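Read the structure below first, then the notes.
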Amino acid sequence: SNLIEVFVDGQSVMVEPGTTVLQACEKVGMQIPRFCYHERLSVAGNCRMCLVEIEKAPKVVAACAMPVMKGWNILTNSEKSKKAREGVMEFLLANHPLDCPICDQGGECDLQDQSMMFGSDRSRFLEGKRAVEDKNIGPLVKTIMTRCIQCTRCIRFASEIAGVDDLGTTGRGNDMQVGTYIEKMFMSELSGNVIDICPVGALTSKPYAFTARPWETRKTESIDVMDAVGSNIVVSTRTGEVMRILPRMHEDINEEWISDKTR
Amino acid sequence: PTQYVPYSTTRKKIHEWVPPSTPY
Amino acid sequence: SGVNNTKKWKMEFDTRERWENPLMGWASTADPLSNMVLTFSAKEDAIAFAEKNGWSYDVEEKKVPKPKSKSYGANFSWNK
Amino acid sequence: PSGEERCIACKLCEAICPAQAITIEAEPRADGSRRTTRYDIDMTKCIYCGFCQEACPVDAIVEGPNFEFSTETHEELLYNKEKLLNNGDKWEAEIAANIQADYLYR
Amino acid sequence: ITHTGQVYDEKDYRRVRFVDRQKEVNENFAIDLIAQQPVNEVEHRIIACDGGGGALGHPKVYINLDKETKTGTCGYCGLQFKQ
Amino acid sequence: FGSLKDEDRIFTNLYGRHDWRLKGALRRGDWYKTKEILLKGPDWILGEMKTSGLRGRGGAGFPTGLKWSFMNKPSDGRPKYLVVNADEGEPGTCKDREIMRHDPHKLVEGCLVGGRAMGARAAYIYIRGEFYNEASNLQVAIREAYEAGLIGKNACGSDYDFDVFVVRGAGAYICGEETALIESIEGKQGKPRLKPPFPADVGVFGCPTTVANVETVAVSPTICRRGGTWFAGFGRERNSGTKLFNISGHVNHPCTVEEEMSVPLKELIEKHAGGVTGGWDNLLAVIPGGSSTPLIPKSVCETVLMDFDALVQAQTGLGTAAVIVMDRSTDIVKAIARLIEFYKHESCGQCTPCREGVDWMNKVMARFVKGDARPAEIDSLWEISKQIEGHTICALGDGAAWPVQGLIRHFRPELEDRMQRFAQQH
Amino acid sequence: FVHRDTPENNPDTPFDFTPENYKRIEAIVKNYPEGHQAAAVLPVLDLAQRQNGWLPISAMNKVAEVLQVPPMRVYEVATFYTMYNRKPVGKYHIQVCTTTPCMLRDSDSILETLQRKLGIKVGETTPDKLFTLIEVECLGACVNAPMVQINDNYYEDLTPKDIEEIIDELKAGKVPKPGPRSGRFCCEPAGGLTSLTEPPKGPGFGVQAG
Amino acid sequence: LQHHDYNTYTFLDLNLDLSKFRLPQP
Ligand SMILES: Cc1cc2nc3c(=O)[nH]c(=O)nc-3n(C[C@H](O)[C@H](O)[C@H](O)COP(=O)(O)O)c2cc1C
Ligand code: SF4
Ligand code: SF4
Ligand code: SF4
Ligand code: SF4
Ligand code: FES
Ligand code: FES
Ligand SMILES: [Zn+2]
């Protein structure tokens, strides 16, 4: 009961009714390339980098969004769903400022990888790029937001996981900038999580600005002692001094989030 | 067209508490 | 957000001394088994490696994200 | 030219060095810019592959023409940022000419 | 002394090294050299910064000199641009 | 074959000529069988539109009856609603500005006739804020109607209850979109919602909701009064009924005439309206459905008939049926270029494809008008065009791609010459 | 899209709905569904614009206050729509339609004439702060293409000269006969009324049976 | 010529006048 059978490339996985197309691929084990979709954040559909092709259907569907229906076989590695990613990645990269050797989310980029695995070998954007104006969101998060792919996960977290409801989108067109309209710092606990949740390195951590680069960091899994929730955390150490503490997921205690104090 | 000496240039990583010079 | 590095089990030896080097300030280590992390496909096989090699082991159960119900329609609910 | 050292500490010169020779640790300079506090090429470790020349995005680290740097003591061969920057200033004129000649090829 | 002021100290056990052999430090420190660089005035809201010379310069970046309040500084050259 | 009789023409008050106010409306006899119709049943009303086979009078074409049928499902304890979008941001849609301004009442009874068909508790009319004066006219009309008791609880002396409201638009073409009209009504930013939760099941204030082009709501009463058949006959096959046609640009007498559908394209400029300015041979191209639909060159124009499917066969859309005509005296490369400028100044930016893609085509299109760009780039624009066509959250990205596709499809030699012209002078 | 507090445009400029305005405020709410006030931010924001064209950061904060919504929520609405002005607006605020339909029928023509008459660039207020010219997009009413909306006046079918005439009317006196200054009523084939030149059938005409 | 002249508050104030008619809220 309550177990539709949907095929992910003919694997007949069975899922509860109401599971998204992206979720159906996960249980088979396939990963839809995704931006703007975080498990504990509301589905928004902003990036549409997850377009897949349900069989016998005219258009490709939004994985994170379409509730999978009965007997719709998902074709995640079709000739179409790759032109639906080879052509989106064309766009995200087109307005992107190539300062990857500045972006300290160098190896921690969910946008170079997906470009480097699912995107395109070369660029055709012979036109000019855009630039936004760096502002102050506080003393912990450095928002070099010319990096932003307008994926609205910050505006969600800042409203849904934390109740700040401050960060918001401002304007329309290609100069929609997701920054506080008036310059009011994002002061709240749970603040630093925005860093971890922005896949782009637009806003990153200001103390850990340029002290390291992720491939080097040796990662040891340990426990938060600053507060009594005992949140799980990963201490990233390079050559013997701790460089960053970022969250590691514990369903029951800290589910992917850690306090501003303990990082 | 018409002896070095190697050294670490980084700072002290772990600064050390200094005891209070005020006796108690 | 990629999960391809959370698939295979790894067993890692305990971390040891990393003193600063006086001449150049480079990190220096006296522990040979430090950088060694062996990768094993299943928990049973990794436990076997520890037993026959005689190293002490403390296995940690895999913790995988719990299924989470999501639906774009649900947040549009003014009610809640 | 202005006088600002080219390296911006992306540290992939460290990543691609085959011998583990280059050691880089960085911190934001007061200017707010990104610079390397310590850049140490261990020349005895280095096998002069020339990939670092290849990898640098700003092309700050280059394989300079001089081959005659034999040294009496092992420590002299280890090079910190000041020796390399000084090496860069001394040979910049020829390095610039050499890069000028070969950049179209790369 | 040096860029990040490395100062093996009067009490360090390493300052022993320079005895009878000089230290490697830099004149024309870069920290002050770009500060010595004039602010590149521009007409356009946004400007590029090849670093000068294209392939020989740096990744090309477009800086938003949109607020006179701040002279955009390409993260690579440290060159301030005056709108 | 068009040439609909004045009697058949639903919007008689078009052009005014008859008091747009109630007393003019009574001489029009717009409120004649309203009590009877509602009495017949909601099921009787939808039978009338199903028999009519009316297609959406807005840019998208779908059976009107089936769309209304969807939220005719039993209420789940949430009040069902009616949303009438009087916004018409698309260029050449002065189509709706008429009914609203000239014949506000027709739409008022369209609202309650439509309301009982969907069992809507109330209807909100989103007239674009630009039209402030237009708003002044409708609520004067809405006020008259309630004073009469035509609308309100026990509306038209019947069990059924309805309340009609007017909402201020704020200069956004996207507000027009069905999921985005709602969000503007909801008071959040006008950003289209996603497709899976159809507006029937979720909607305005999260209650069941339906959205209709004002023409679609207005034609409802008559379609029921005249019967689906009368209305059904005029149309062609799936296509059916008279839809207002607006002809603007390079025509001797630009005007909106509600002449019959399935009109030869050559006939409507030649017979009504004004013959193409400069002669029917001075026609570089025709934009049938407005900016969103691809323009068709004169080659096929005469052969074409104005129907939703007809244009489809032709690769173009009937859309809002706004005919924009371009004489041989126009730089099309620049004409379509401003429509891409029309879309960069307007798309919400919620979705990656449209945001960067429409801006990317705008930059390439501006270079194309200058001729600075090389000939090879043209194909890229096409390729950029279809990336945006199938990947967008709403249809506007669908709409931005089509004019670009039309320019490359029929006027590829001209753009190459502009390419050539600049290369020669160096 | 960033409000850098300025002495003129910043909350020091106190904002409050006139006793009369506040009245207007409430009725609107009821128009929307009960328990729903947020939906009224736009209509309200519009009355703040009706009160004052500038609508400064202070005014938006009040809107959020009266409507009890996250302030940002109001800031986002104001930024998204062009109807709202976050900067001071000229008394007349003329807007010229320059989409392809109007351009094809000469919209551009009008622009050059208006720039000279106002003697100012396109996009800014006259020194007299008398008029403000902006190149707005399709304002509807295309059949009448030459067009220039002035505070809703929506003049139409205008030939370059006509505007100069209108502008003068605005410059000295008021209410310069807003509307199509042409000889065609509302939208009508310039030739006449081919659509319906007969008299309109009366009530219950040919009403189908059933 | 009603269209020819209306005040900035016509829409809102007219609406308020209609409030009385407006059917009860949800
Ligand atoms: C960008 C965009 C703008 C739109 N603008 C309008 C509009 O101004 N008026 C309108 O009736 N429909 C508009 N639509 C179509 C509506 O979303 C909706 O499909 C239509 O109004 C339904 O009317 P109908 O079903 O009665 O034909 C627009 C769609 C898109 C994607
Ligand atoms: S985010 Fe930082 S790293 Fe990822 S691509 Fe853009 S710049 Fe390079
Ligand atoms: S900041 Fe990071 S998260 Fe917020 S939108 Fe830009 S990218 Fe998405
Ligand atoms: S040397 Fe070139 S590569 Fe190595 S860090 Fe400095 S810049 Fe990056
Ligand atoms: S396409 Fe994407 S961006 Fe353009 S309007 Fe529809 S949603 Fe907003
Ligand atoms: S990941 Fe598919 S919608 Fe953002
Ligand atoms: S484009 Fe000027 S009103 Fe339609
Ligand atoms: Zn630079």
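All residue numbers given for chain G refer to Swiss-Prot; the residues shown span 38-247 in order.
The backbone N, Cα and C atoms fix where each Cβ goes, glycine too.
What Swiss-Prot lists as [2Fe-2S] cluster binding site is G:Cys134, G:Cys139, G:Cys175, G:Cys179. The feature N6-acetyllysine is assigned by Swiss-Prot to G:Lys60, with a large-scale study or a structure entry given as support. The annotation phosphotyrosine is assigned in Swiss-Prot to G:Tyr192.
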| For chain H, which of the recorded positions G:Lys60, G:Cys139, G:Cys175, G:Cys179, G:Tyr192 fall under 8 Å by Cβ? | G:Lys60
| note | For G:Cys175 ([2Fe-2S] cluster binding site), the nonlocal same-chain Cβ neighbours (under 8 Å, six or more residues apart) come out as G:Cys134, G:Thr136, G:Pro138, G:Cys139
| request: Tally every other Cβ atom lying within 10 Å of the Cβ atom of G:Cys139 ([2Fe-2S] cluster binding site). | output: 29
| field | Integer Å distance between the CA atoms belonging to the residue listed as 'phosphotyrosine' and G:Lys60 (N6-acetyllysine) | value | 32
| In terms of Cβ proximity below 8 Å, which recorded positions out of G:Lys60, G:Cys175, G:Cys179 neighbour chain F? | G:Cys175, G:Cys179
| Residues with Cβ closer than 8 Å to the Cβ of G:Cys179 ([2Fe-2S] cluster binding site), same chain and 6+ apart in sequence? | G:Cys134, G:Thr136, G:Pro138, G:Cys139
| recorded positions compared (G:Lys60, G:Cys134) - highest count of Cβ atoms within 10 Å | G:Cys134
| message | For G:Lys60 (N6-acetyllysine), which of the three DSSP-derived states applies: helix, strand, or coil? | response | helix
| note | Row G:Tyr192 (phosphotyrosine), column other C-beta within 10 angstroms, all chains, value 24
